[PDB]
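In what follows, a single structure is set out as structure tokens and then discussed.
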Amino acid sequence: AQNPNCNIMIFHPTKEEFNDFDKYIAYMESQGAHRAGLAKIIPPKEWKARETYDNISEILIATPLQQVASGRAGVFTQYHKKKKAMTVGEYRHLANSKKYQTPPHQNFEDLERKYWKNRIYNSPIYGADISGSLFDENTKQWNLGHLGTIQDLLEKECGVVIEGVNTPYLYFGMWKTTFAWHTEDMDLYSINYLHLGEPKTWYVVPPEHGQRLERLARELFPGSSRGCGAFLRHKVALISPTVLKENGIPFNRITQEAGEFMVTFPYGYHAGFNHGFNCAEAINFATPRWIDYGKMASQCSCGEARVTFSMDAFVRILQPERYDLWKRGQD
Ligand SMILES: O=C(O)CNC(=O)C(=O)O
Ligand SMILES: [Mg+2]
Ligand code: NI
Ligand SMILES: [Zn+2]
Numbered sequence: 011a012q013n014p015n016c017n018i019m020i021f022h023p024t025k026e027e028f029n030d031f032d033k034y035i036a037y038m039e040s041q042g043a044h045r046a047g048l049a050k051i052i053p054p055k056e057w058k059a060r061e062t063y064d065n066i067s068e069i070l071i072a073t074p075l076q077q078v079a080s081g082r083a084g085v086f087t088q089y090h091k092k093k094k095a096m097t098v099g100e101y102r103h104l105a106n107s108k109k110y111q112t113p114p115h116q117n118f119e120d121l122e123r124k125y126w127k128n129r130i131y132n133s134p135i136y137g138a139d140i141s142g143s144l145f146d147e148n149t150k151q152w153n154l155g156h157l158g159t160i161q162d163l164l165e166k167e168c169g170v171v172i173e174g175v176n177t178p179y180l181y182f183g184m185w186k187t188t189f190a191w192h193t194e195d196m197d198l199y200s201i202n203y204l205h206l207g208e209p210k211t212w213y214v215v216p217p218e219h220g221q222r223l224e225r226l227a228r229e230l231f232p233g234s235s236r237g238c239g240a241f242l243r244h245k246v247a248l249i250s251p252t253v254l255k256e257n258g259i260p261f262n263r264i265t266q267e268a269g270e271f272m273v274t275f276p277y278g279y280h281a282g283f284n285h286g287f288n289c290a291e292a293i294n295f296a297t298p299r300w301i302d303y304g305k306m307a308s309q310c311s312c313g314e315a316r317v318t319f320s321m322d323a324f325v326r327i328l329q330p331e332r333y334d335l336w337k338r339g340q341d
């Protein structure tokens, strides 16, 4: 069995190996990358996502989200307070302001310590989930706006034609902006490219151990757990590495830098934070190996998780017994 300790693997594809996306995902899996839940892919030196980032300041962040925390430093939830619209240029200025800028630090490890110590005492503002792409149309390799769609994958594998579309999203971050512990919708893969700026630290639980994380989370968030049998789908709960280690939960951590891709694998729980002003792009995707995960994915039916249009068909076809209850939670 490859990668039996479920370590995060890092890949350096050549330009030739960078041509066929599906083939390279399958290669990484052949080497056990998926056992970690997360892999890093460093693009060949010849590749670029686009020529420059000099002309992105006029992008609009229609609903910046202030991430307000409640709890204790290692175990907290966050809610998102909507803020007035602002451009990327306005948001970058804000991120670099004395109130929000990254503090002086020695290295990533020092910064990680400061994050876990101090995050709850601040409310950083995140430009998340903005539909769009920063890949140049002429970038032919690993262009996250030109991937094969999940609808087409389900059709190829299962023969059923469904409605829905699959497009990427931009994330503009700042120091302490936080992504809560989650798996993807329908336990899909995700791919994330850090276009520019400061790093993103990730934490991940191996898919084979995901239920250990869920059990801890039910313990640590007992009201939320009573509210919903899949409350991590709400994407609001944070647990620190110290707390995970205290409770024996297997996990790994890595920092993504600008110019690097990360792939999350089906049912790989992940969480993390940004080091300073940055811009990432991400999208969900599927492969044939995902289908069995999609069929087994938990679902939130309490009303909180509310998701895209395109999840309807996935539920309806892969999880017909759950469909009626899930759809009630959508409505
Ligand atoms: O970058 C972020 O804020 C969150 N990204 C992801 O959860 C992802 O790419 O799957
Ligand atoms: Mg612009
Ligand atoms: Ni994710
Ligand atoms: Zn719920």
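Residue 267 in the deposited numbering is what sits at position 257 of the sequence shown, and the numbering runs on without skipping anything.
Where a beta carbon is used, it is the ideal one built from N, C-alpha and C, also for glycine.
Three-state secondary structure assigned by DSSP to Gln116: One-based indexing of the sequence shown puts residue 116 at position 106. In the structure shown, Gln116 sits in coil (DSSP, three-state: anything other than H, G, I, E or B).
Go ahead and pull the three-state DSSP assignment for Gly304. Start at 1 with the first residue of the sequence shown, and residue 304 comes out as number 294. Reduced to three states, the DSSP call for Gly304 is helix.
Going along the chain, which unbroken runs of the alpha helix (DSSP H) with 4 or more residues stay wholly within the stretch 114 to 159? 118 to 128
If you draw a straight line from the alpha carbon of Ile69 to that of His192, how long is it in whole angstroms? Reading the sequence shown from its first residue, position 59 is the one you call residue 69. Reading the sequence shown from its first residue, position 182 is the one you call residue 192. Rounded to whole angstroms, the separation of the alpha carbons of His192 and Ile69 is 27 Å.
Closer than 6 Å: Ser320 CB and nearest ligand 3 heavy atom: Numbered from its first residue, the sequence shown carries residue 320 at position 310. Not a single heavy atom of ligand 3 lies less than 6 Å from the C-beta of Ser320.
Same chain, Cβ closer than 6 Å to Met184, neighbours up to 5 away in sequence not counted: Residue 184 sits at position 174 when you count from the first residue of the sequence shown. Cβ neighbours of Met184 beyond the five flanking positions: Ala105, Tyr110, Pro134 and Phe287.
Express the C-alpha separation of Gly237 and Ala138 in angstroms, rounding to a whole number. Sequence index remark: in the sequence shown, residue 138 carries index 128 (1-based). Sequence index remark: in the sequence shown, residue 237 carries index 227 (1-based). Taking the straight line from one Cα to the other gives about 26 Å.
At a cut-off of 6 Å, would you count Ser200 as near ligand 3, judging by its Cβ distance to the nearest heavy atom? Residue 200 sits at position 190 when you count from the first residue of the sequence shown. Distances between the C-beta of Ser200 and the heavy atoms of ligand 3 include at least one below 6 Å.
Applying the 10 Å Cβ sphere with the 16-neighbour rule, what's the burial state of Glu331? Within the sequence shown, residue 331 is the residue found at index 321, counting from 1. The residue in question, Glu331, is exposed, as its Cβ has fewer than 16 Cβ neighbours within 10 Å.
Enumerated in chain order, which unbroken segments of the beta strand (DSSP E) with a length of 3 residues or greater are wholly contained in the stretch 33 to 116? 48 to 51, 75 to 82 and 85 to 92
Which of helix, strand or coil does DSSP assign to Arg228? Looking up residue 228 in the sequence shown gives position 218. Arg228: helix per DSSP, three-state reduction.
Top-ranked residue by Cα proximity to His205, from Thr177, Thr87, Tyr125 and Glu267: Numbered from its first residue, the sequence shown carries residue 205 at position 195. The shortest C-alpha separation from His205 is found at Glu267.
Got a sec? Which residues, its chain only, sit under 6 Å from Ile66 by beta carbon, not counting five neighbours each side? Residue mapping note: residue 66 aligns to position 56 of the sequence shown, counting from 1. Answer for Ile66: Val98, listed in chain order.
C-beta atoms of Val215 and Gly81 nearer than 7 Å: Locating residue 215 in the sequence shown gives position 205, counting from the first residue. Locating residue 81 in the sequence shown gives position 71, counting from the first residue. Going by C-beta atoms, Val215 is not nearer than 7 Å to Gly81.
Let's test the definition: count the other Cβ atoms within 10 Å of the Cβ of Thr318 and tell me whether it reaches 16, buried, or not, exposed. For the purposes of this step, residue 318 is taken as the residue at position 308 of the sequence shown. By the 10 Å Cβ count, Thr318 comes out exposed.
Neighbourhood of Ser320 by C-beta, 8 Å cutoff - its chain only, sequence neighbours within 5 removed: Residue 320 sits at position 310 when you count from the first residue of the sequence shown. These residues qualify, in order along the chain: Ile160, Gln161, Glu173, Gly174, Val175 and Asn176.
Segment contact flag, the stretch 23 to 43 with the stretch 236 to 255, C-beta cutoff 8 Å, min 3 pairs: no
Sorry if obvious, but does the Cβ on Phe189 come closer than 6 Å to a heavy atom of ligand 1? As a working note, residue 189 is residue 179 in the sequence shown. Answer for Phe189: yes, Cβ within range of ligand 1.
Proximity test, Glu314 beta-carbon vs ligand 4 heavy atom, cut-off 6 Å: Within the sequence shown, residue 314 is the residue found at index 304, counting from 1. Checking the Cβ of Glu314 against ligand 4 gives yes.
With the cut-off set at 7 Å, would you say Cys16 and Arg60 are in Cβ contact? Start at 1 with the first residue of the sequence shown, and residue 16 comes out as number 6. Start at 1 with the first residue of the sequence shown, and residue 60 comes out as number 50. Contact flag unset, no.
Neighbourhood of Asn153 by C-beta, 7 Å cutoff - its chain only, sequence neighbours within 5 removed: By 1-based counting over the sequence shown, the position of residue 153 is 143. Excluding residues within five positions, the ones whose Cβ falls inside 7 Å are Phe145.
Exposed or buried, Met306, counting other C-beta atoms within 10 Å across all chains shown (16 or more means buried)? Here residue 306 refers to the residue found at position 296 when the sequence shown is read from its first residue. Result: exposed.
Based on the DSSP output, what are the partners of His192 in its beta bridges? As a working mapping, residue 192 is identified with position 182 in the sequence shown. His280.
Rounded to whole angstroms, how far is the Cβ of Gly84 from the Cβ of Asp197, which I believe are closer than 8 Å? Within the sequence shown, residue 84 is the residue found at index 74, counting from 1. Within the sequence shown, residue 197 is the residue found at index 187, counting from 1. Wrong, their Cβ atoms sit about 26 Å apart, outside the cutoff.
Using DSSP bridges, identify the partner residues of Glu291. Here residue 291 corresponds to residue number 281 of the sequence shown, with the count starting at 1. In the DSSP output, where bridge partners are listed per residue, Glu291 has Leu180 and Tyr203.
Can you tell me whether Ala290 sits near ligand 1, meaning its C-beta is under 6 Å from at least one heavy atom of the ligand? Within the sequence shown, numbered from 1, the residue matching residue 290 stands at position 280. At least one heavy atom of ligand 1 is nearer than 6 Å to the Cβ of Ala290, so yes.
Assigned secondary structure, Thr24 (DSSP; H/G/I helix, E/B strand, else coil): The sequence position of residue 24 within the sequence shown is 14, counting from 1. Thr24 falls in the coil class under three-state DSSP.
Coil, strand or helix - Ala240 by DSSP: Along the sequence shown, read from residue 1 onward, the residue named residue 240 stands at position 230. If DSSP states are grouped into helix, strand and coil, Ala240 belongs with coil.
From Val170, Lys91 and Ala79, pick the residue whose C-alpha is nearest to that of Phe324; which is it? Mapped onto the sequence shown, residue 324 falls at position 314. For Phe324, the nearest C-alpha among the options comes from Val170.
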